Every structure is written in C-alpha cells, then in structure tokens.
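Here you get one chain, nothing else, as structure tokens; it is the form deposited in one PDB entry.
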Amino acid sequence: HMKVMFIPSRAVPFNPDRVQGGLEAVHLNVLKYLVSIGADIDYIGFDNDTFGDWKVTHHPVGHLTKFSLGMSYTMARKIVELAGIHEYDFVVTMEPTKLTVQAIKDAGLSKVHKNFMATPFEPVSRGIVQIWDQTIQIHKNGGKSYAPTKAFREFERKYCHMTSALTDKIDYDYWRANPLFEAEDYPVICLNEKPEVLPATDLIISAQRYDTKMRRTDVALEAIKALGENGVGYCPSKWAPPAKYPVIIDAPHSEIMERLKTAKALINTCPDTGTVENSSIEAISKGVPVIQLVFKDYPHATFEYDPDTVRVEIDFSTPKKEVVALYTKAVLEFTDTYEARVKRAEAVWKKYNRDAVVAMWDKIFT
C-alpha cells in the first residue's frame, strides 16, 4: 500500500543471507521493514540480486561486479521514468551517487527522500568525499539522512571541519551551519525474538571485511592468528586478506551468526566509528562481548551498545607494531562472565526488540 522507490548500495548485489558491511546492513534492514509492512517496492537493482520469498518489483540495470558508469546512468534514467509513472510515498537511498541525487530531485522526489549512512568521512579518500558531498546535496535538496548511533551524529559535527586537498568542491559553508543527520536513529538491528544467551566457548571471532586502512583487519587477524585453534576470521571474497591470514571466505550471514552464539568474544579493530561493520551489535545482542580497538577519547558505536566494553586505546601516532601488541594482549588475556553476557544482551534487547524497532522505522517513514 506504501509506494517506495528503493536505490540500493552498489558494492555487491543483494542477497538476504549476506551482509558484507555496515551499509549493506542498514540496506537489508530497511528493506526487511518495507517488506514487513507490505510496501509496494520498486527496486532499481542488478541482475544477480536475489530476494527469496519477498515481493519486490525488480528493475535491474545489469549484472553487478564493479559498479560501472553505464550502470550509473541506467539507474538514474530509471529513477526518472519510474517517477513519471507512479506516485511515490518515499524514495530510499544508501549513500547515493551525484547522479542518483540529481535524478531524485529532477523527478520531484527530494522531499520524500530517505537516506541511510554508515561510512565515516575520510578527507584523503576521493570516493568518500564524493559520498559526503552528496549528503550535503541531499540536505540542500530537502531530503533527510539518518545515522545509526548518536556517536555518528557527533562525528558529523567534526567532519564539517575536516578538509584535505580533495575537499575543495565541498560546500563547507552550508555544512558548518547544517548538521546533516536527523535526530532519529535508524535501528542497527531488529531482534524478532529475545535472544537466548548461550554460555561461551573459547572461540573468538573476527567478522569484518579486510582492509588495512579503515577496519585495520590486519590487526584483527594477527590476534586471530595468535589464538590458533581458539580464533577464526570471516571475510568476504571481495575484501579478502592476503594468504598469511587464513579465514573462512563468503560464509553465509546465518552461518556466522550461529557460530557467534557461543563465541567467547568478538574482535573489532575499526577504531574511529565502529559503524562500518554491524558485527558489534550482532555480537552484543547474543551476549558476546566485543574487544574494541579505539582512538583515545573518541565516541565509537560499540560503547553505545555495551558501555562496559573492553577498550584498547591507541593514538594516530601509535605505530603498527605496538598496536598489534596492545590488541593481541587484550585478546589473549580476555575474561568474561556468563552474568556479563546476559547483562549486555538484556540492555540491547530493551532497545532493539521488534516492537521498539518497528516503532523506530514507523517514525522515519512518515
């Protein structure tokens, strides 16, 4: 009954049993929400998407491996066509292109445009400044953007001071005066049933995609290596580690969630925002503690999910050798109680049970 245009994330084709990053996680969950309310979903996607049993109307723009320029123009063109035919209550994006932002405006859909973000602002990154440049554009065009945590909204009040040699085309005048996010959090997880906290084994898990820069997955997989039989890492084949770090490749999300139920801890080495991977809240919802690498006096999402999280504090100056030794030490010496698993799972069950989550989405989709 609700008519929604859906513009997906574009790193990987959609698969309901794969979440290969924080953007893919909100992408999946807002879609699950739209399906659960019986929305009429026009999904402008890729030929290798799969939707299971879900009723979505699919408008594929080609087979997805790397998102190409021709795909980009085919997508924007279909935005304009679909808007000329149907009337849309909302259009949903997940950090869209400049083209997609313009097509939404030209189609007269800016004011019903809902945008969801996970990528921290990185001034040395050309594609990331392009992401956040278009977030300013969305705000100018009358659309609304949503963050997962209040820490992310705080970082946003710092990002509008971060400049580089690549940020010349960014309207910092507008950005300083306009916090880009709405006050409402989008739910990072939807708990359809109260999780049953299982007691821990000795197994500690790394479930983040491999990149040395933002996630510091090398640091994670050093701890995984030092754990031997008591450590396992999961990576997607599109962001796989070098051969020195053996990991399970392309495990279905469900397989990873099953293993996690009895994990002793989750390794998280994303030290700026912790929202470029959803695994922290997945772990904490099962009572699994997170061993969290963090820059000193930074806000980080993990500490919102579990304020008693063990933190390994470092600086930007701290050299790689010392980081690996501080983090390995925290992983190998980690200690947790069953009571602590239950306490941290309860606090998250309060916030993210399905009744509270649906209420959170309902407020967004008005």
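In this text, residue numbers run from 1 along the sequence as written.
The form solved in complex with a small molecule exists for this protein as well; it is not shown, and the discussion that follows is about that form.
At a distance threshold of 4.5 angstroms between non-hydrogen atoms, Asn353 is out of contact with the small molecule in the deposited complex.
Using a 4.5 angstroms threshold between heavy atoms, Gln20 counts as touching the small molecule in the deposited complex. In the deposited complex, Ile131 stays away from the small molecule, with no heavy atom inside 4.5 Å. For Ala207, a non-hydrogen atom is located within 4.5 Å of the small molecule in the deposited complex, even though that partner is not displayed.
Partner contact region in the deposited complex: 270-278, out of 270-278, 168-176, 98-106, 289-297, criterion any non-hydrogen atom within 4.5 Å of the small molecule. Judged against the small molecule in the deposited complex with a 4.5 angstroms heavy atom cut-off, the residues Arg215, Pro236 and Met257 are in contact without exception.
Of the candidates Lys144, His253, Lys261, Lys78, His253 is the one whose heavy atoms come within 4.5 Å of the small molecule in the deposited complex; the others do not.
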